[PDB]
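Take a look at this single chain in structure tokens; it is the form deposited in one PDB entry.
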């Protein structure tokens, strides 16, 4: 089994689940963790789906933000409970929402496009790579769509949450092809993972 693990925020949770299921690594680097019958590809979160879709990994993990920002046909075998953070709409405190076309800066343009559509809004979406909270103060946009965990970064930049778009959690996704060619091996691993994951997230 080859796994695509999301570096960053979800990295320790996922690796601890793997540790809890019995996985042991003999050789470890920044990009690659190798054990008997198991190899972990440590990749950027948005590259998880790519590794699976291209078929070089069997199972992968990513947050809801990745899953909703880039649609794939990956299979989600089960639900991982813990809410890690939230995707919200935010803008300069007290100033509300623009009447006409809304300028929204974000790292998640598709998510943002989808949200605007559901609101019947006219939006002008400005894609950014990070530090999205700087957009409103610089005059680049009126609002932003971004992730928040406690609201600290928004608060400190005097932005306020105007709407909660979706709660973000960790997801397990499986390469369809692997699901059929290594069926019992994948089922088995997935059963143990779920056992461990259920426990971890709830108790």
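Residue numbers count along the first chain shown, from 1.
Quick note: we don't show the form solved in complex with a partner chain, though the next part is all about it.
Shown alone here, residue 74 lies within 4.5 Å of its partner chain in the bound PDB entry, counting heavy atoms only. Proximity of residue 94 to its partner chain in the bound PDB entry falls outside the 4.5 Å heavy atom cutoff. Using a 4.5 Å cutoff between non-hydrogen atoms, residue 11 does not count as a contact of its partner chain in the bound PDB entry. The closest heavy atom approach of residue 54 to its partner chain in the bound PDB entry falls within 4.5 Å.
Annotated contacts: 122, 180 and 191 all touch its partner chain in the bound PDB entry [non-hydrogen atom within 4.5 angstroms].
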